[PDB]
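Quick look at run-v7.pdb (PDB, N, CA, C and O atoms):
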```
ATOM      1  N   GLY A   1     -32.231 -28.633  94.577  1.00  0.00           N
ATOM      2  CA  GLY A   1     -31.753 -27.310  94.024  1.00  0.00           C
ATOM      3  C   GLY A   1     -30.287 -27.197  94.365  1.00  0.00           C
ATOM      4  O   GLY A   1     -29.564 -28.156  94.232  1.00  0.00           O
ATOM      5  N   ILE A   2     -29.867 -26.054  94.883  1.00  0.00           N
ATOM      6  CA  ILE A   2     -28.462 -25.772  95.102  1.00  0.00           C
ATOM      7  C   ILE A   2     -27.729 -26.807  95.951  1.00  0.00           C
ATOM      8  O   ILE A   2     -26.625 -27.211  95.592  1.00  0.00           O
ATOM      9  N   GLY A   3     -28.313 -27.225  97.071  1.00  0.00           N
ATOM     10  CA  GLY A   3     -27.612 -28.028  98.003  1.00  0.00           C
ATOM     11  C   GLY A   3     -27.419 -29.350  97.346  1.00  0.00           C
ATOM     12  O   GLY A   3     -26.364 -29.980  97.481  1.00  0.00           O
ATOM     13  N   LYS A   4     -28.440 -29.771  96.625  1.00  0.00           N
ATOM     14  CA  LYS A   4     -28.448 -31.089  96.009  1.00  0.00           C
ATOM     15  C   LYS A   4     -27.388 -31.148  94.883  1.00  0.00           C
ATOM     16  O   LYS A   4     -26.565 -32.067  94.830  1.00  0.00           O
ATOM     17  N   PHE A   5     -27.393 -30.115  94.065  1.00  0.00           N
ATOM     18  CA  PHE A   5     -26.429 -29.920  93.007  1.00  0.00           C
ATOM     19  C   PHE A   5     -25.004 -29.958  93.519  1.00  0.00           C
ATOM     20  O   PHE A   5     -24.156 -30.672  93.030  1.00  0.00           O
ATOM     21  N   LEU A   6     -24.748 -29.205  94.581  1.00  0.00           N
ATOM     22  CA  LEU A   6     -23.428 -29.153  95.195  1.00  0.00           C
ATOM     23  C   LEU A   6     -23.001 -30.438  95.815  1.00  0.00           C
ATOM     24  O   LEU A   6     -21.828 -30.831  95.690  1.00  0.00           O
ATOM     25  N   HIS A   7     -23.926 -31.129  96.468  1.00  0.00           N
ATOM     26  CA  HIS A   7     -23.587 -32.428  97.011  1.00  0.00           C
ATOM     27  C   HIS A   7     -23.273 -33.443  95.892  1.00  0.00           C
ATOM     28  O   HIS A   7     -22.232 -34.120  95.942  1.00  0.00           O
ATOM     29  N   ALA A   8     -24.067 -33.437  94.834  1.00  0.00           N
ATOM     30  CA  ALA A   8     -23.807 -34.281  93.687  1.00  0.00           C
ATOM     31  C   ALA A   8     -22.531 -33.956  93.022  1.00  0.00           C
ATOM     32  O   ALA A   8     -21.735 -34.837  92.748  1.00  0.00           O
ATOM     33  N   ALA A   9     -22.252 -32.685  92.832  1.00  0.00           N
ATOM     34  CA  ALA A   9     -20.921 -32.341  92.353  1.00  0.00           C
ATOM     35  C   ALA A   9     -19.743 -32.778  93.189  1.00  0.00           C
ATOM     36  O   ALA A   9     -18.780 -33.215  92.669  1.00  0.00           O
ATOM     37  N   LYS A  10     -19.797 -32.656  94.480  1.00  0.00           N
ATOM     38  CA  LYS A  10     -18.750 -33.106  95.310  1.00  0.00           C
ATOM     39  C   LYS A  10     -18.511 -34.588  95.278  1.00  0.00           C
ATOM     40  O   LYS A  10     -17.386 -35.024  95.163  1.00  0.00           O
ATOM     41  N   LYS A  11     -19.579 -35.350  95.349  1.00  0.00           N
ATOM     42  CA  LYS A  11     -19.593 -36.813  95.325  1.00  0.00           C
ATOM     43  C   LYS A  11     -18.926 -37.278  94.004  1.00  0.00           C
ATOM     44  O   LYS A  11     -18.093 -38.176  94.019  1.00  0.00           O
ATOM     45  N   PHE A  12     -19.238 -36.632  92.866  1.00  0.00           N
ATOM     46  CA  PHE A  12     -18.586 -36.878  91.589  1.00  0.00           C
ATOM     47  C   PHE A  12     -17.120 -36.523  91.606  1.00  0.00           C
ATOM     48  O   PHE A  12     -16.301 -37.303  91.136  1.00  0.00           O
ATOM     49  N   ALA A  13     -16.782 -35.341  92.104  1.00  0.00           N
ATOM     50  CA  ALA A  13     -15.413 -34.920  92.186  1.00  0.00           C
ATOM     51  C   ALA A  13     -14.588 -35.904  93.071  1.00  0.00           C
ATOM     52  O   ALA A  13     -13.453 -36.221  92.687  1.00  0.00           O
ATOM     53  N   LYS A  14     -15.145 -36.360  94.203  1.00  0.00           N
ATOM     54  CA  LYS A  14     -14.453 -37.335  95.057  1.00  0.00           C
ATOM     55  C   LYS A  14     -14.191 -38.675  94.319  1.00  0.00           C
ATOM     56  O   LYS A  14     -13.102 -39.190  94.313  1.00  0.00           O
ATOM     57  N   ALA A  15     -15.146 -39.176  93.580  1.00  0.00           N
ATOM     58  CA  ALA A  15     -14.950 -40.354  92.773  1.00  0.00           C
ATOM     59  C   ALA A  15     -14.000 -40.214  91.624  1.00  0.00           C
ATOM     60  O   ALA A  15     -13.254 -41.138  91.317  1.00  0.00           O
ATOM     61  N   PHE A  16     -14.045 -39.058  90.968  1.00  0.00           N
ATOM     62  CA  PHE A  16     -13.147 -38.728  89.910  1.00  0.00           C
ATOM     63  C   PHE A  16     -11.646 -38.797  90.362  1.00  0.00           C
ATOM     64  O   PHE A  16     -10.746 -39.324  89.653  1.00  0.00           O
ATOM     65  N   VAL A  17     -11.396 -38.172  91.508  1.00  0.00           N
ATOM     66  CA  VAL A  17     -10.026 -38.084  92.064  1.00  0.00           C
ATOM     67  C   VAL A  17      -9.556 -39.524  92.478  1.00  0.00           C
ATOM     68  O   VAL A  17      -8.480 -39.955  92.015  1.00  0.00           O
ATOM     69  N   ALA A  18     -10.426 -40.246  93.205  1.00  0.00           N
ATOM     70  CA  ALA A  18     -10.230 -41.649  93.564  1.00  0.00           C
ATOM     71  C   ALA A  18      -9.901 -42.494  92.336  1.00  0.00           C
ATOM     72  O   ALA A  18      -8.842 -43.127  92.281  1.00  0.00           O
ATOM     73  N   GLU A  19     -10.719 -42.448  91.291  1.00  0.00           N
ATOM     74  CA  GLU A  19     -10.313 -43.065  90.020  1.00  0.00           C
ATOM     75  C   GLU A  19      -8.928 -42.670  89.446  1.00  0.00           C
ATOM     76  O   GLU A  19      -8.234 -43.557  89.048  1.00  0.00           O
ATOM     77  N   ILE A  20      -8.534 -41.399  89.333  1.00  0.00           N
ATOM     78  CA  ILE A  20      -7.230 -41.057  88.707  1.00  0.00           C
ATOM     79  C   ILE A  20      -5.995 -41.347  89.622  1.00  0.00           C
ATOM     80  O   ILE A  20      -4.845 -41.586  89.161  1.00  0.00           O
ATOM     81  N   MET A  21      -6.277 -41.397  90.909  1.00  0.00           N
ATOM     82  CA  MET A  21      -5.272 -41.719  91.925  1.00  0.00           C
ATOM     83  C   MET A  21      -5.023 -43.219  92.025  1.00  0.00           C
ATOM     84  O   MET A  21      -4.250 -43.630  92.839  1.00  0.00           O
ATOM     85  N   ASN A  22      -5.688 -44.029  91.203  1.00  0.00           N
ATOM     86  CA  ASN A  22      -5.378 -45.479  91.094  1.00  0.00           C
ATOM     87  C   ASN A  22      -4.931 -45.879  89.740  1.00  0.00           C
ATOM     88  O   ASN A  22      -3.729 -45.876  89.484  1.00  0.00           O
TER      89      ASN A  22
END
```

Before anything else, please render the file you have as structure tokens.
Amino acid sequence: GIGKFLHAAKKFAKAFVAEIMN
């Protein structure tokens, strides 16, 4: 539910930023 959603969102956001920063 919420915690899972938020953790998944963060993990995606961290990868997204890592990708554009290279």

Report the distance between atom C of residue 16 of chain A and atom C of residue 1 of chain A in Å, rounded to one decimal place.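 So the two atoms, atom C of residue 16 of chain A and atom C of residue 1 of chain A, lie 22.3 Å apart.
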
Atom O of residue 22 of chain A to atom C of residue 4 of chain A, straight-line distance in Å: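 Those two atoms sit 28.4 Å apart.
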
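Rounded to one decimal, atom N of residue 19 of chain A and atom C of residue 5 of chain A lie 19.1 Å from each other.
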